[PDB]
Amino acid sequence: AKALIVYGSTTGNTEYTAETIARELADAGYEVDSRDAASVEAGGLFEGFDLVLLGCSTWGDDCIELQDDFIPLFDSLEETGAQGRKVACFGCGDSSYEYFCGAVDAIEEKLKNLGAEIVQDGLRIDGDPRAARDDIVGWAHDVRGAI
């Protein structure tokens, strides 16, 4: 099975989360393509993957702001190949702000509006993801299991 993990990450927490997820999937035998959102183009990005995991941190005080590298992928998600695609989202955030991991809900609602098949409720990490390693690995285990 081939999986694509695409992450927007500014201070490296969602990137560390993606790497942990990539390792859990690769350990399970997936072929994993892990890409920073800054580097991708949306047109056709999900073509050929059996699973796509989108990871994105959240910013802003009074408006939910997605991580900036992710915003163009998000703005063009309708061109990514999501119809019928198995996907799940994850994101790092901080419960001391007003909208906890709001980027995760935003991306999930857009993938649903676009026909994606969300396979596990998103992983919303508060704080340093290095402290939520079991959650992250556990989540990756559940995603795989839900395929």
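For every residue, the number given is its place in the sequence shown, counted from 1.
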Using only the Cα atoms and their B-factors as the entry lists them, report which of 100-108 and 113-121 averages higher.
113-121
Between 11-19 and 129-137, name whichever shows the higher mean Cα B factor according to the PDB entry.
129-137
With respect to the C-alpha temperature factors reported in the PDB entry, which of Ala82, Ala38, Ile64, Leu54 ranks highest?
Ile64
Lowest, middle or highest third: where is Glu31 by C-alpha B factor in its chain?
middle
Lowest, middle or highest third: where is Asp94 by C-alpha B factor in its chain?
highest
